[PDB]
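**Q** Dumping the structure here so I can ask a few things about it.
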Amino acid sequence: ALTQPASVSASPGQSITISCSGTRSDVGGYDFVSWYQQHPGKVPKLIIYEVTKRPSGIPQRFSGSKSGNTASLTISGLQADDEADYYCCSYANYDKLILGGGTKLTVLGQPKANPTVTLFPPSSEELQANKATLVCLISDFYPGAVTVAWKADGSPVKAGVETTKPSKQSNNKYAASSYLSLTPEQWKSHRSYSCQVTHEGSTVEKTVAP
Amino acid sequence: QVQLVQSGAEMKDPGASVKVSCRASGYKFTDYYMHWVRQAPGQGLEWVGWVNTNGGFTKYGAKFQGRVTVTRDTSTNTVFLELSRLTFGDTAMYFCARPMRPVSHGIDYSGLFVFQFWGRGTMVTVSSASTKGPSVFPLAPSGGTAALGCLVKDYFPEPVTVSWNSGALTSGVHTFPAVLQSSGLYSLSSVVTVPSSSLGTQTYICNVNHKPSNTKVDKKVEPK
C-alpha cells in the first residue's frame with residue numbers, strides 16, 4: 001500500500017534515510033505516519049509517530065520527516081544493533097491503517113556487490129503439461145535485499161508471482177529467486193516478458209521470449 | 001508495566017476456524033482500543049483491524065473483511081481474533097497491539113493510529129491435508145558465467161533435497177528455500193552458476209529426492 005526501498009545500508013557512524021511513498025489519501029493527506037523497527041525474530045517496536053514524534057526511550061538519532069506524499073525515516077550515528085527491518089504506516093481514507101512493504105537496514109560488513117540476473121523460460125516439459133513458469137534468478141549480491149517487478153510487454157504483472165526471502169550463498173554473497181506463473185498461451189502470445197530487479201546500487205532488467 | 005499475553009500457536013485445516021486471544025494488563029483496559037496486525041512468513045506487516053474495547057465497535061482492513069471477527073471480554077481484559085473459513089493465505093503471525101492513547105470520540109483519534117505495545121504474536125498455520133510429489137523441470141542455460149538449474153514444483157510436505165551430478169558438483173550450487181503457494185503446495189529451485197564455456201560439453205544433472213512421496217528424479221539439464 002505504501003512503497004519503501006527493499007534495502008538501505010551504510011557504515012557504522014554514518015546515516016541512512018528510508019523513504020515511504022503514498023498518496024493524498026494517506027501520507028500526503030494526514031500527519032499520521034508511524035515507523036516500526038523489527039529485529040530478526042523479535043516483536044515490532046514503535047520508533048516514530050505523527051511523522052516526527054518519538055515514543056519514550058527512542059534516541060534522538062532516529063528522526064522522521066515528510067514532503068508531499070513521501071515520508072522519510074532517518075537514522076544517524078548508525079550502530080550494529082540498528083540492523084533490522086523497518087516499516088512505515090499511515091492512516092488512510094477511510095478508517096484504515098496501511099503499511100509499507102518493509103526495508104532491510106544493513107550495517108555494512110563488506111563493500112556492496114551488484115546482482116547478476118538470469119531469467120529462465122518455461123521448459124518444453126512444463127509447456128507440454130499445459131503450464132508455464134518463468135524463473136528469475138538473482139545472484140551474488142550484497143546487502144541482501146531486492147525488489148523484483150515482473151512485466152509483460154512492458155506493463156506490470158502482479159498475479160501469479162512468488163518470491164523468496166534473500167538467502168545466503170556458499171560464497172557468502174546473497175541470492176534470491178522469483179517465479180511468475182503463466183499459461184502457455186501468454187508465453188507464446190506476448191512479444192516478451194521481463195524480470196526487473198532493483199538493488200541498492202544497480203537495477204537489472206532481463207528479458208526472455210519464445 | 002503494560003503487558004500483552006497471547007495464546008499459543010495453532011495448526012488448522014483449510015476451511016476450519018480459529019480464535020486467538022490477547023490478555024491485556026498494566027493499563028485501564030476500556031480506555032484503549034486494540035489492533036490486530038499480521039505477518040505472513042517472509043512478508044510485511046499488515047493491519048487486520050481494530051476494536052474499541054469500550055463497547056466493542058470494530059473496523060477491519062480491506063482484504064480481511066468478513067472472515068475476521070474481533071471481540072473482547074471486558075471482565076477479563078481479553079481481546080479475541082477469530083478467523084473463519086481458513087485459507088492457505090491466512091498462514092501468518094497474528095499480533096495484538098495497543099495504540100498509545102485513548103480516543104476522544106468526535107474530537108481526536110490521533111491516539112489510535114499507532115501500534116505502541118505488542119503481544120509476542122500467535123502463529124496460525126493452515127496446513128495442506130495432502131502428500132504430493134514434485135514435478136521436476138529443467139532451467140535451461142543460455143562475464144563468462146552462466147546459470148542453469150531445476151525447478152521442483154508443487155509438492156507437499158517438506159523437505160526436498162537436491163544434489164548435482166550425484167554430489168560431485170558443489171561450487172556455484174545454490175538451493176533456495178521453498179515458496180509456500182496459494183494452493184497449499186511448495187515449489188523450490190536449485191541452480192548452479194558455471195563457466196559459460198562448460199555448456200554443451202560438461203553434463204549437468206540434478207538429483208531430486210522427495211522422500212514423503214518416494215519421488216526420486218535425475219533430470220539432465222541441457223542448453224537451449
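How things are named: the first chain in the C-alpha cells is A, the next is B, and so on; residues count from 1 in each chain; ligands count from 1 in the order shown.
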Within 9 Å of chain B, which residues of chain A show up when using only C-alpha atoms, listed as a PyMOL selection string?

**A** chain A and resi 32-36+42-47+49-50+55+87+89-91+95-102+118+120-126+133+135+137+139+162-171+175-177

**Q** Write a file of the selected residues as an mmCIF file, in the first residue's frame, keeping C-alpha atoms.

**A**
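Contents of selection19.cif, as written:
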```cif
data_model
loop_
_atom_site.group_PDB
_atom_site.id
_atom_site.type_symbol
_atom_site.label_atom_id
_atom_site.label_comp_id
_atom_site.auth_asym_id
_atom_site.auth_seq_id
_atom_site.Cartn_x
_atom_site.Cartn_y
_atom_site.Cartn_z
ATOM 1 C CA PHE A 32 -0.371 10.179 10.911
ATOM 2 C CA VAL A 33 2.785 8.435 9.681
ATOM 3 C CA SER A 34 4.472 5.962 12.048
ATOM 4 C CA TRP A 35 7.578 3.774 11.707
ATOM 5 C CA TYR A 36 8.334 0.350 13.245
ATOM 6 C CA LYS A 42 11.508 -10.114 17.570
ATOM 7 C CA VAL A 43 8.340 -8.113 18.141
ATOM 8 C CA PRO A 44 7.982 -4.879 16.168
ATOM 9 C CA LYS A 45 8.847 -1.701 18.057
ATOM 10 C CA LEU A 46 7.309 1.743 17.522
ATOM 11 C CA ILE A 47 10.055 4.249 16.772
ATOM 12 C CA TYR A 49 4.733 8.508 15.078
ATOM 13 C CA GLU A 50 2.826 11.565 13.785
ATOM 14 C CA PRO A 55 7.776 7.409 21.889
ATOM 15 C CA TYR A 87 8.067 -0.487 8.206
ATOM 16 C CA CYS A 89 2.470 3.060 8.382
ATOM 17 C CA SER A 90 -0.161 5.689 7.723
ATOM 18 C CA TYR A 91 -3.769 6.422 8.401
ATOM 19 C CA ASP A 95 -10.852 4.286 8.834
ATOM 20 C CA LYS A 96 -7.872 2.192 7.892
ATOM 21 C CA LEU A 97 -4.183 1.824 8.541
ATOM 22 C CA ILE A 98 -1.895 0.905 5.673
ATOM 23 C CA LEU A 99 1.733 -0.170 5.738
ATOM 24 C CA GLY A 100 4.797 -0.163 3.542
ATOM 25 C CA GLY A 101 6.303 -3.398 2.287
ATOM 26 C CA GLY A 102 9.349 -3.037 4.563
ATOM 27 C CA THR A 118 19.294 -14.783 -15.115
ATOM 28 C CA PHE A 120 14.740 -18.772 -17.376
ATOM 29 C CA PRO A 121 11.990 -19.531 -19.920
ATOM 30 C CA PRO A 122 9.364 -22.220 -19.329
ATOM 31 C CA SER A 123 10.677 -25.680 -20.206
ATOM 32 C CA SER A 124 9.057 -27.614 -23.063
ATOM 33 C CA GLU A 125 8.289 -30.286 -20.460
ATOM 34 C CA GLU A 126 6.255 -27.823 -18.409
ATOM 35 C CA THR A 133 6.745 -20.804 -15.032
ATOM 36 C CA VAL A 135 12.132 -18.193 -13.080
ATOM 37 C CA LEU A 137 17.410 -15.868 -10.563
ATOM 38 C CA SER A 139 22.819 -13.982 -7.690
ATOM 39 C CA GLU A 162 6.068 -15.769 -5.656
ATOM 40 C CA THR A 163 9.460 -14.518 -4.416
ATOM 41 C CA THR A 164 11.910 -15.981 -1.899
ATOM 42 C CA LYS A 165 13.366 -14.067 1.007
ATOM 43 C CA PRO A 166 17.025 -13.497 0.141
ATOM 44 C CA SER A 167 19.228 -16.436 1.031
ATOM 45 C CA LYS A 168 22.973 -16.676 1.621
ATOM 46 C CA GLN A 169 25.199 -18.373 -0.989
ATOM 47 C CA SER A 170 28.123 -20.693 -0.186
ATOM 48 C CA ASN A 171 30.438 -17.815 -1.092
ATOM 49 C CA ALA A 175 20.780 -14.754 -3.838
ATOM 50 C CA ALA A 176 17.027 -14.515 -4.414
ATOM 51 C CA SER A 177 14.521 -16.113 -6.783
#
```

**Q** From a DSSP calculation on the backbone, collect every residue of segment 155-205 of chain B in strand (DSSP E or B) and output the set as a ChimeraX atom specification.

**A** /B:155-156,161-164,173-175,179-180,186-195,199,202,205

**Q** I need the residues of segment 2-222 of chain B that end up classed as helix (DSSP H, G or I) by DSSP on the backbone, written out as a short mmCIF file (atom, residue, chain, number, x, y, z; two decimals) with N, CA and C atoms, in the first residue's frame.

**A**
```
data_model
loop_
_atom_site.label_atom_id
_atom_site.label_comp_id
_atom_site.auth_asym_id
_atom_site.auth_seq_id
_atom_site.Cartn_x
_atom_site.Cartn_y
_atom_site.Cartn_z
N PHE B 29 -8.18 -1.07 30.81
CA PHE B 29 -8.49 -1.81 29.58
C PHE B 29 -9.42 -1.05 28.62
N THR B 30 -10.54 -0.55 29.14
CA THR B 30 -11.54 0.07 28.27
C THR B 30 -11.20 1.49 27.83
N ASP B 31 -10.08 2.03 28.31
CA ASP B 31 -9.63 3.35 27.87
C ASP B 31 -8.96 3.27 26.49
N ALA B 62 -9.20 -4.01 4.36
CA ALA B 62 -9.89 -4.32 3.12
C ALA B 62 -9.91 -5.82 2.81
N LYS B 63 -8.74 -6.44 2.84
CA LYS B 63 -8.63 -7.85 2.46
C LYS B 63 -9.06 -8.80 3.58
N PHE B 64 -9.47 -8.23 4.71
CA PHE B 64 -9.83 -9.01 5.90
C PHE B 64 -11.29 -8.83 6.29
N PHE B 88 -5.06 -21.03 2.82
CA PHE B 88 -3.61 -21.10 2.95
C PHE B 88 -2.99 -19.71 3.06
N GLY B 89 -3.63 -18.74 2.41
CA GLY B 89 -3.23 -17.35 2.51
C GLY B 89 -3.34 -16.75 3.90
N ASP B 90 -4.05 -17.42 4.80
CA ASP B 90 -4.20 -16.93 6.18
C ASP B 90 -3.06 -17.35 7.11
N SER B 110 -6.06 10.73 17.06
CA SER B 110 -4.61 10.58 16.84
C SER B 110 -4.04 9.43 17.66
N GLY B 111 -4.53 9.27 18.89
CA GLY B 111 -4.06 8.20 19.76
C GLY B 111 -4.19 6.79 19.19
N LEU B 112 -5.13 6.62 18.27
CA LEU B 112 -5.45 5.30 17.71
C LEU B 112 -4.47 4.81 16.64
N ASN B 165 25.00 -33.72 -10.18
CA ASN B 165 25.95 -34.71 -10.67
C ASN B 165 26.32 -35.73 -9.59
N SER B 166 25.30 -36.22 -8.89
CA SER B 166 25.47 -37.19 -7.81
C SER B 166 26.37 -36.67 -6.69
N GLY B 167 26.36 -35.35 -6.48
CA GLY B 167 27.09 -34.73 -5.38
C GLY B 167 28.46 -34.19 -5.76
N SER B 196 30.38 -20.35 -18.68
CA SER B 196 29.65 -20.42 -19.93
C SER B 196 30.28 -21.44 -20.86
N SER B 197 31.61 -21.50 -20.85
CA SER B 197 32.35 -22.38 -21.76
C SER B 197 32.19 -23.87 -21.43
N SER B 198 31.54 -24.18 -20.32
CA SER B 198 31.33 -25.58 -19.93
C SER B 198 29.99 -26.07 -20.48
N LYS B 211 11.32 -37.66 -0.27
CA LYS B 211 11.03 -38.93 0.40
C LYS B 211 9.54 -39.14 0.75
N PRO B 212 8.83 -38.09 1.23
CA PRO B 212 7.42 -38.31 1.57
C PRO B 212 6.57 -38.91 0.45
N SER B 213 6.88 -38.59 -0.80
CA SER B 213 6.16 -39.17 -1.92
C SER B 213 6.97 -40.25 -2.64
#
```

**Q** Pick out the residues sitting within 10 Å of residue 196 of chain A, and hand them over as a list in words; count only C-alpha atoms, and ignore anything fewer than 5 positions along from it in its own chain.

**A**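 Once the adjacent positions are removed, what remains is residues 117, 119, 136, 147, 148, 149, 150, 151, 203, 204, 205, 206 and 207 of chain A.
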
**Q** Calculate how many Å separate atom CA of residue 10 of chain B from atom CA of residue 72 of chain B, rounding to one decimal.

**A**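 Result for atom CA of residue 10 of chain B versus atom CA of residue 72 of chain B: 19.6 Å, one decimal.
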
**Q** Quick one: residues within 8 Å of residue 17 of chain B, only C-alpha atoms counted, chain neighbours fewer than 5 positions away excluded, as an mmCIF file with N, CA and C atoms, in the first residue's frame?

**A**
```
data_model
loop_
_atom_site.group_PDB
_atom_site.id
_atom_site.type_symbol
_atom_site.label_atom_id
_atom_site.label_comp_id
_atom_site.auth_asym_id
_atom_site.auth_seq_id
_atom_site.Cartn_x
_atom_site.Cartn_y
_atom_site.Cartn_z
ATOM 1 N N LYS B 12 -4.172 -25.597 11.620
ATOM 2 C CA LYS B 12 -5.538 -25.850 11.192
ATOM 3 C C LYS B 12 -5.660 -26.351 9.762
ATOM 4 N N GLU B 82 -11.026 -13.917 15.765
ATOM 5 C CA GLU B 82 -11.485 -15.148 15.153
ATOM 6 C C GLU B 82 -11.343 -15.086 13.639
ATOM 7 N N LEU B 83 -10.797 -16.160 13.073
ATOM 8 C CA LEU B 83 -10.672 -16.330 11.624
ATOM 9 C C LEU B 83 -11.506 -17.511 11.182
ATOM 10 N N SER B 84 -12.457 -17.300 10.282
ATOM 11 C CA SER B 84 -13.284 -18.412 9.823
ATOM 12 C C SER B 84 -12.940 -18.749 8.374
ATOM 13 N N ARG B 85 -13.286 -19.964 7.952
ATOM 14 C CA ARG B 85 -13.056 -20.403 6.574
ATOM 15 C C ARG B 85 -11.605 -20.192 6.199
ATOM 16 N N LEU B 86 -10.712 -20.765 7.000
ATOM 17 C CA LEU B 86 -9.279 -20.549 6.827
ATOM 18 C C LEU B 86 -8.808 -20.985 5.443
#
```

**Q** Which residues are near residue 52 of chain A? Cut-off 9 Å, only C-alpha atoms, ignore same chain within fewer than 6 positions. Put them as a VMD selection string.

**A** chain A and resid 31 33 to 34 63 to 66 73

**Q** Between B:104, B:1, B:78, B:39, which residue has the minimum interatomic distance to residue 22 of chain B, considering only C-alpha atoms?

**A**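 Among the listed residues, the smallest separation from residue 22 of chain B belongs to B:78.
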
**Q** What's around residue 18 of chain A at 8 Å? Count only C-alpha atoms, leave out sequence neighbours fewer than 5 positions away in its own chain, and write the answer as an MDAnalysis selection string.

**A** chainID A and resid 4:5 8 72:74 103

**Q** Just to be explicit: take each residue in the selection above, keep N, CA, C and O atoms, and write the result as a compact mmCIF listing (two decimals), in the first residue's frame.

**A**
```txt
# COMPACT_ATOMS: atom_id res chain seq x y z
N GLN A 4 8.31 1.36 -0.11
CA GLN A 4 9.62 1.56 0.52
C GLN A 4 10.69 0.87 -0.31
O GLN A 4 10.41 -0.11 -1.00
N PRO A 5 11.93 1.35 -0.21
CA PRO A 5 13.01 0.61 -0.86
C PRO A 5 13.21 -0.76 -0.21
O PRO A 5 12.88 -0.92 0.98
N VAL A 8 18.46 -0.48 2.55
CA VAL A 8 19.36 0.66 2.65
C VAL A 8 20.53 0.21 3.50
O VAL A 8 20.40 -0.72 4.31
N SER A 72 9.83 10.07 5.34
CA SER A 72 11.16 9.52 5.45
C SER A 72 11.57 9.27 6.90
O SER A 72 11.20 10.03 7.81
N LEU A 73 12.32 8.19 7.11
CA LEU A 73 12.94 7.90 8.38
C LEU A 73 14.44 8.04 8.20
O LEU A 73 15.01 7.47 7.27
N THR A 74 15.07 8.77 9.09
CA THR A 74 16.50 8.98 9.03
C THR A 74 17.10 8.50 10.33
O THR A 74 16.62 8.84 11.42
N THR A 103 11.67 -2.34 4.73
CA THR A 103 13.03 -2.05 4.28
C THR A 103 14.05 -2.73 5.18
O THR A 103 14.00 -2.56 6.41
```

**Q** Atom CA of residue 180 of chain A and atom CA of residue 208 of chain B are how many Å apart?

**A**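 Taking atom CA of residue 180 of chain A as the start and atom CA of residue 208 of chain B as the end point, the length is 22.0 Å.
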
**Q** Give me, as number ranges by chain, all polymer residues having an atom no more than 10 Å from segment 11-15 of chain A, counting only C-alpha atoms and skipping those fewer than 3 positions away in the same chain.

**A** A: 61-62, 74-80, 82, 106-111

**Q** Would you mind telling me which residue in B:25, B:122, B:76, B:65 lies nearest to residue 92 of chain B when using only C-alpha atoms?

**A**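 Selected residue with least distance to residue 92 of chain B: B:122.
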